[PDB]
Number of protein chains: 2
Amino acid sequence: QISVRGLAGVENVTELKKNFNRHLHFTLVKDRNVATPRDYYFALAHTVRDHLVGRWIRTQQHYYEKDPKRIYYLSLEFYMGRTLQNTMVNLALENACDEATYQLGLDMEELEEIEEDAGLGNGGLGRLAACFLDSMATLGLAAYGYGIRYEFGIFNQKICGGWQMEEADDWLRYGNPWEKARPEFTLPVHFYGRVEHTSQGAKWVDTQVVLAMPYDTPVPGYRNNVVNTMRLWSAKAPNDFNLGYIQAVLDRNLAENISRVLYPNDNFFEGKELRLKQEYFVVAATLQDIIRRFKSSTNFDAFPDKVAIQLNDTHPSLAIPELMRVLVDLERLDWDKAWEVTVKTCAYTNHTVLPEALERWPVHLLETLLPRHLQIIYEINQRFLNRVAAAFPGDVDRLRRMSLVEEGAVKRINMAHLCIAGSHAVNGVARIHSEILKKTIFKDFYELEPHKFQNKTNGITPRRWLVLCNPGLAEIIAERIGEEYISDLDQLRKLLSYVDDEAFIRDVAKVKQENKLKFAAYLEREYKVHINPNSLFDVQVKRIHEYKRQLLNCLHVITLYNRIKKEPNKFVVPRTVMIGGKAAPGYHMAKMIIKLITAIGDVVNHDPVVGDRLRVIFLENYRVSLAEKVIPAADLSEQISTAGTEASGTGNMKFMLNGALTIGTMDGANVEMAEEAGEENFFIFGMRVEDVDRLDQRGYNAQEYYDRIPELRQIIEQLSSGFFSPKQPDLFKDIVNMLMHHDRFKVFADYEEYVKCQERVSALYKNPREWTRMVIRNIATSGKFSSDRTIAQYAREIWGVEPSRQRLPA
Amino acid sequence: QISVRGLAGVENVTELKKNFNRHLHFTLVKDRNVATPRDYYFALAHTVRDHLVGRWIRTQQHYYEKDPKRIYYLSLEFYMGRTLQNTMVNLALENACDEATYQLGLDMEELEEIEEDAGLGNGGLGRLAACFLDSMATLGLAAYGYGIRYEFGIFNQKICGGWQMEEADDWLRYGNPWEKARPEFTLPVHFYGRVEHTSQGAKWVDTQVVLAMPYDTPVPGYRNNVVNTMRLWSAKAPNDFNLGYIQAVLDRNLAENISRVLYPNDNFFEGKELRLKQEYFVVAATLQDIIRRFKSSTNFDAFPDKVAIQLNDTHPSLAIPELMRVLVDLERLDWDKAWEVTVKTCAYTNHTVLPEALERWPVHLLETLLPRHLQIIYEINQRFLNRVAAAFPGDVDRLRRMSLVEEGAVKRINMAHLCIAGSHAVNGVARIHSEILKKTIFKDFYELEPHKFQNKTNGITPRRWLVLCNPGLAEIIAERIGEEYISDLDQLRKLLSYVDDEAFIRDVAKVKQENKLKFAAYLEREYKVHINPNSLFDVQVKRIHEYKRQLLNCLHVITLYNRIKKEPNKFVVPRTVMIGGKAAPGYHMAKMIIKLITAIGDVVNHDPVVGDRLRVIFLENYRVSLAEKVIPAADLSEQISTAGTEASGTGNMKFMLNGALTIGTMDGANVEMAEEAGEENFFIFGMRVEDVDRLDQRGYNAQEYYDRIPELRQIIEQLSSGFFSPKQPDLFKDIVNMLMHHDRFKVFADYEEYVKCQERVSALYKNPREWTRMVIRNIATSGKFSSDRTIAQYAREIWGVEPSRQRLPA
Ligand SMILES: O=c1ccn([C@@H]2O[C@H](CO)[C@@H](O)[C@H](F)[C@H]2O)c(=O)[nH]1
Ligand SMILES: O=c1ccn([C@@H]2O[C@H](CO)[C@@H](O)[C@H](F)[C@H]2O)c(=O)[nH]1
């Protein structure tokens with residue numbers, strides 16, 4: 001049907017239909033008489049999977065023969081979403097499968113909706129890992145993603161009476177056709193026990209053993225016949241475990257709980273024992289696998305030449321002392337040699353500066369669970385602080401600030417400090433964030449070892465986030481500039497030549513309208529909610545957090561409503577305001593924000609005076625599959641974090657690629673996006689980082705803003721008095737109190753500039769042609785934000801390997 | 001190679017090799033370079049499974065079209081063993097697969113050893129269910145086995161320092177290629193809650209819900225293209241379950257524990273809540289499935305015309321009040337009508353008369369877990385006792401004896417009484433057992449409803465228990481009489497014509513010697529134990545229990561040892577005495593018996609004066625796969641239960657079919673075996689049932705035997721003094737005390753006759769030709785003991801259906 005979706009050759013279509021029928025019969029044990037749409041999905045998935053196999057086996061054989069340096073990406077989160085369409089895209093099978101299924105009397109898009117998301121992450125950090133795997137395969141790197149196979153991923157969110165409710169994400173219920181269990185490569189992991197000192201070094205004895213069983217999932221590169229591996233570990237009890245009899249068998253659950261469920265916190269540290277077990281479990285199993293693979297290719301001097309380990313945040317930070325443990329206790333290397341190897345092998349990526357997100361583990365937990373690792377951490381600390389003392393003699397404050405051990409009521413280990421000490425490279429995820437690291441939280445470390453500190457601006461994969469989710473836009477672009485941009489996104493710059501092309505202007509606007517119609521129809525079908533497709537689609541989708549300021553958005557919505565009520569007969573640009581995202585189950589304020597949003601909708605959506613000029617919708621169960629639907633439909637992207645709080649953002653990049661304009665602060669990657677597109681082509685407002693610092697120095701007083709801004713005063717009075725909660729007048733008292741007395745994120749301080757900037761947005765939207773021309777200027781300059789660019793920089797500047805766009809033989 | 005294993009045609013072999021290679025590549029994602037024997041097993045299993053599929057789909061379609069009466073066999077145990085060879089046998093693929101694998105450079109018998117047993121049973125009762133499924137498919141009945149998919153089957157037994165140790169049977173670790181998950185047919189099961197009475201009947205409300213997810217396994221008939229289904233339920237929590245957050249997800253284990261593990265008790269009732277939950281879980285899910293299937297073919301008058309439910313023991317007895325609950329509470333039938341349907345639908349098989357094995361559930365457990373079922377049971381009891389009172393007016397003792405409710409310290413429900421009241425047929429499992437039921441424990445019920453009581457003598461499948469485990473014997477038989485006997489075992493009578501045939505005598509003896517050599521080699525390979533293949537193989541394999549009298553066997557072994565030590569230079573027929581079987585983890589005496597056996601071996605096997613004239617071996621981890629190895633190798637089958645205690649036995653039948661002679665009491669099916677073969681061709685000894693009754697009446701005094709039998713006195717003195725436990729002289733004091741003062745099973749009373757009978761065995765073994773002629777007389781008359789005969793009798797006399805040996809189209 002469309003060119004970027006590949007060829008539908010007679011031979012291929014015939015073969016696909018044959019194998020589809022085979023799987024339905026032999027694999028699913030069904031006939032066409034009793035088969036349901038779910039059976040048809042599975043027959044298609046197995047058919048497409050077959051095409052991955054040959055390439056998967058030969059890629060891994062190729063790495064064995066060539067023995068390139070291997071890259072290991074360690075993460076507690078891989079937010080993968082659905083796999084079927086992505087696999088077809090990367091193998092050039094989309095049109096062929098579409099034709100084959102059509103001839104069998106089936107609608108492929110209907111079958112695609114049956115697949116469960118692999119929701120093994122919380123938000124940005126987990127989704128970055130997923131984009132990275134796609135880019136590493138596309139650039140021909142010998143890369144492996146290592147994580148945990150959670151039985152339950154991020155919870156399914158239901159909205160009941162306007163409140164968030166959580167349901168278990170039982171994503172494996174119907175099976176996972178993509179994974180291959182590898183019980184033969186099961187490895188032991190040790191917990192608890194005690195340290196024994198012998199004539200020849202320390203010994204970790206009397207441990208409890210949990211087995212780590214790997215499941216491998218293929219990761220296809222874009223049309224290069226490369227298929228890499230994501231290996232996820234699942235926890236299993238040993239067979240003599242606890243071995244009255246019945247209870248001992250039932251108690252196997254205790255061991256197997258390690259891989260049961262993803263902790264649903266985003267940008268918030270919860271110091272629970274089970275989470276620490278998960279972190280060690282992934283690190284211990286992965287490192288054994290790494291060392292095994294290295295030996296099968298005596299002398300650890302070459303270890304950093306053949307192995308790179310990337311730590312995604314501090315979650316897998318135990319890799320550092322675990323590597324030391326293995327090299328010193330088991331392989332019998334001297335300390336200094338082991339440390340040299342460890343530092344040259346490991347690198348660390350930081351994703352946030354918010355103090356509450358930083359992992360600081362109580363010493364007493366580490367002492368009980370991982371006694372040998374605590375000893376190693378103490379020794380690392382002693383040697384590191386001896387270097388600091390030598391470099392900055394007499395600076396006793398610096399010694400306390402830089403220590404891995406934090407003194408106080410309870411002693412803690414600062415895992416970020418451990419990561420910096422034991423890594424040869426430390427990076428932030430956008431230029432402003434990397435600069436903040438050097439100037440503030442890691443200033444002391446930067447002064448000691450400046451060479452360690454780097455920037456690697458985040459990116460997103462243009463396969464999932466353009467070709468897959470927005471084929472209409474991909475097609476009109478390919479018509480003008482060909483197909484090479486899909487693996488070389490910088491080529492989108494060629495589109496600047498079409499900014500005054502009346503045909504292209506019309507096509508860009510047509511694609512957006514079709515996307516909006518499709519999404520408007522999706523909402524009525526699946527959720528019974530009515531929206532006007534001619535309105536400006538104003539969208540903020542991301543996890544619910546105070547720093548992201550969904551609350552500032554709420555204030556603007558109420559402002560719009562109040563202005564309409566004051567002058568009902570004045571024209572206003574119609575808007576559909578959509579907000580979605582999950583709140584961590586224990587985060588009270590975030591749960592209250594969700595309730596506020598639905599409560600505003602309850603009033604606004606039913607006021608006959610408003611009509612269809614303003615609608616407020618809460619998008620339930622935001623996740624990767626939903627992002628693929630709403631992003632291509634958006635006109636306006638809300639990226640409104642307080643300056644200095646969002647390290648990069650990646651949702652911002654997805655919206656830019658898909659033809660939405662951005663309203664945002666100069667925060668994270670917003671700064672670089674505006675720089676690429678030109679500030680005239682962005683809607684920038686509010687305090688810069690320096691302005692926030694100035695306000696902190698004299699002290700933030702929210703009352704000042706309330707006193708001087710009459711429109712703001714009205715909203716707070718409405719919230720306090722019960723206007724949005726008639727039956728429970730004091731429902732939002734917590735929100736008002738926080739805004740007025742305890743607001744770390746200065747919502748009121750950016751209110752006036754935000755509202756004025758939103759007026760400028762509405763003004764441009766009244767002029768379709770000039771709106772679309774600005775859109776073209778954004779799409780055309782989005783190239784820097786491909787994760788292919790990001791990964792090429794990691795490869796060259798951290799891992800010491802060269803990317804390759806060359807095909808493996810088919 | 002051998003004829004009964006079918007054809008190895010060029011087309012078939014080529015096709016099998018092709019599909020083997022396909023599965024290795026696409027299914028297992030391996031290449032020949034890295035594949036292990038386990039990978040090769042799985043490639044073969046998937047290849048053979050493919051051949052089942054077409055027949056499986058078309059059999060089930062055939063039942064849908066023809067709508068025959070359906071038979072539902074409800075059991076908490078299905079002791080299936082391995083599936084690969086059985087499937088090849090029934091599909092006539094054995095020789096073809098052997099050739100195909102040989103051409104690929106693989107040994108098929110080596111691959112067969114990799115498969116785990118499906119050990120979803122304890123012993124006789126569970127294995128009977130397995131033989132029954134095979135026979136029902138072979139006789140073309142529309143039959144379904146329904147049970148529980150235990151994650152852990154019967155424990156693996158290890159012997160450490162002579163003691164039994166238990167290890168979890170993690171049989172699903174590497175996957176199960178035979179099953180197909182059917183998550184789409186998941187059904188809810190209710191627990192706890194309370195009963196509400198409305199204007200229109202009772203309502204069971206406020207329940208906890210557990211989901212039952214089915215897994216289907218194919219059951220092939222012998223070369224008739226019939227493939228029936230065994231459906232096993234697995235427990236799953238609902239997704240809103242317990243839905244702080246992390247704990248609620250982890251607590252899903254509580255619901256899912258229902259299907260976690262098989263209770264390892266054999267002939268012993270343990271009244272634990274989790275076991276009651278398992279019993280209701282299987283009954284509730286199964287009955288919904290039954291009713292669904294019935295409606296898809298309003299009026300329940302025809303229900304018993306289209307449905308038969310067979311209760312394997314009282315374990316699924318809750319089917320009776322559950323059927324009543326559904327018919328009365330949900331379908332709104334009047335009580336009397338519902339009861340008529342229930343009685344005509346249900347039938348009950350009793351497997352033991354031992355009082356400690358009878359299920360008597362505390363009322364307080366049923367009251368909390370199943371409040372509506374308790375109410376229904378009370379109502380059944382009231383109506384039943386009104387019938388008794390009308391038939392036997394004034395007989396107040398009879399009313400207390402027959403009540404379903406047992407009065408006392410704790411009130412209990414007698415599940416056997418419930419089963420008799422609510423079934424149209426009640427059967428014992430051998431003629432003597434069925435007679436004992438009518439004369440003793442169920443006498444009152446027999447007097448009220450004589451027509452209900454039947455006999456169905458047990459049997460074994462000649463596919464698994466001859467063709468599969470003893471192809472050598474199957475072949476020499478087929479050479480003389482053809483292949484028809486495999487599905488018509490009565491044809492073995494034709495072999496009486498060859499009792500004086502010198503060629504056949506030589507061949508029968510040759511097959512036994514080869515079997516003995518193979519097993520002798522197995523023991524050295526897998527267990528490093530040396531045995532003399534020329535010795536008489538004297539075998540007792542079955543679960544360890546006081547009633548089965550492994551202890552009597554022990555007394556004979558010590559007698560033999562003491563006689564040798566007294567006259568070292570006298571000739572004795574050399575014996576290898578092998579005893580194997582598992583003890584329930586909480587059964588102290590059974591565990592002590594295992595220790596005694598190993599302790600005897602420790603002395604006997606290392607006495608240089610004995611030489612290789614006597615060896616005592618404990619066969620570790622007795623299970624179906626081991627039975628298939630040891631039974632064809634046996635010369636002497638020990639079936640020595642106290643008369644009136646072993647309801648039938650089925651191990652006895654397996655030995656008779658495979659060319660062992662039997663030493664046994666007149667107990668269970670031993671009586672019918674001796675009758676078929678002729679008493680001259682059996683080694684019968686000991687008290688009959690009547691003799692046991694006489695001894696009970698005057699009182700059993702073990703001291704009398706000790707006083708009058710000098711050889712018995714010596715053994716007890718040896719046991720007491722520490723002869724078999726030098727380091728722990730009082731180790732066996734419990735055993736001695738029981739034998740002397742508290743022996744319910746009268747071990748001493750049969751000792752003298754047993755020893756004398758064993759002398760007669762040794763005498764015959766000295767004459768190879770006459771030994772073998774007696775063997776031929778046993779094999780030739782084993783036909784009655786085919787489970788095909790048993791199932792034909794159930795079909796005609798209980799279920800009201802006609803068996804069919806006719807092929808379905810291929
Ligand atoms: O706990 C966290 C901490 C940070 N992050 C995010 O990581 C993304 C990937 O670098 C960045 O784009 C965002 F700026 C950052 O908030 C999370 O998503 N969970
Ligand atoms: O709990 C029990 C009770 C009885 N049984 C057995 O059932 C077999 C099948 O009918 C019979 O051959 C045996 F006689 C009987 O002991 C068991 O194996 N477990």
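Below, each value reflects all heavy atoms present in this structure, side chains not excepted, and no hydrogens, waters or symmetry copies. Just so we're on the same page: letters track the sequence lines, and every chain starts at 1.
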[X] (side chain) donor-acceptor with [Y] (main chain) under 3.5 angstrom:
| X | Y | answer |
| --- | --- | --- |
| B:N767 | B:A763 | no |
| B:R549 | B:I640 | yes |
| B:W771 | B:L661 | no |
| B:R360 | B:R412 | no |
| B:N778 | B:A677 | no |
| B:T665 | B:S641 | yes |

Consider only side-chain N and O atoms of [X] and [Y], and report whether a donor and an acceptor are under 3.5 Å apart.
| X | Y | result |
| --- | --- | --- |
| B:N122 | B:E77 | yes |
| B:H530 | B:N605 | no |
| B:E270 | B:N265 | yes |
| B:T650 | B:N458 | no |
| B:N553 | B:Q540 | yes |

Applying salt bridge (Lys or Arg N to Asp or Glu O under 4.0 Å), which residue pairs with at least one partner in residues 535-545 of chain B are found, sequence neighbours left out?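 Residue pairs with at least one partner in residues 535-545 of chain B: B:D538-B:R575.
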Which pairs with one or both residues in residues 637-649 of chain B pass salt bridge (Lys or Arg N to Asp or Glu O under 4.0 Å), sequence neighbours excluded? B:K548-B:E646
salt_bridge([X], [Y]) N-O dist < 4.0 Å:
| X | Y | value |
| --- | --- | --- |
| B:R400 | B:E407 | no |
| B:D635 | B:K516 | yes |
| B:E526 | B:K629 | no |
| B:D691 | B:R694 | yes |
| B:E116 | B:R623 | no |
| B:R275 | B:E279 | yes |
| B:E711 | B:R563 | yes |
| B:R744 | B:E356 | yes |

Answer yes or no: are there more than 12 heavy-atom neighbours, outside [X] itself, under 6.0 Å from its atom [atom1]?
| X | atom1 | result |
| --- | --- | --- |
| B:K591 | NZ | yes |
| B:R713 | CZ | yes |
| B:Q718 | CD | yes |
| B:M165 | CE | no |

Step by step, work out the side chain to side chain contact (heavy atoms under 4.5 Å, CB included) result for B:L626 and B:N621. CA-CA 8 Å; B:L626 192 59; B:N621 206 27; 5.8 Å; no
Between B:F685 and B:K756, is there a cation-pi geometry (under 6.0 Å to ring centre, at most 45° from the normal)? no
Does B:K272 count as lying over the ring of B:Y263, i.e. NZ or CZ under 6.0 Å from the six-ring centre, within 45 degrees of the axis? no
Only residue of B:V689, B:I684, B:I432 satisfying side-chain contact (heavy atoms from CB on, under 4.5 Å) with B:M666 is B:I684
With a 4.5 Å heavy-atom cut-off, do [X] and [Y] have their side chains touching?
| X | Y | value |
| --- | --- | --- |
| B:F723 | B:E717 | no |
| B:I631 | B:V539 | no |
| B:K746 | B:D696 | yes |
| B:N670 | B:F682 | no |
| B:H351 | B:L128 | yes |
| B:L636 | B:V761 | yes |
| B:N532 | B:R615 | no |
| B:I600 | B:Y561 | no |

Would you call the rings of B:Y700 and B:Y705 parallel, tilted or perpendicular if under 30° counts as parallel and over 60° as perpendicular?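 Rings of B:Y700 and B:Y705: tilted, as their planes differ by 30° to 60°.
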Output, in order, the C-alpha distance, side-chain angles, deciding distance and verdict of side chain to side chain contact (heavy atoms under 4.5 Å, CB included) for B:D169 and B:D117. CA-CA 10 Å; B:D169 169 41; B:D117 287 42; over 6 Å; no
As an exercise, state the distance from CG of B:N658 to CG of B:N515, rounded to the nearest 0.5 Å.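 Answer rounded to 0.5 Å: 8.0 Å.
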Would you please indicate if the ring centroids of B:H545 and B:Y587 are separated by under 6.0 Å?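 That pair passes the under 6.0 Å test.
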Using the test side-chain contact (heavy atoms from CB on, under 4.5 Å), find all partners of B:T352 that sit at least two apart in sequence or belong to another chain. B:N267, B:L354, B:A357
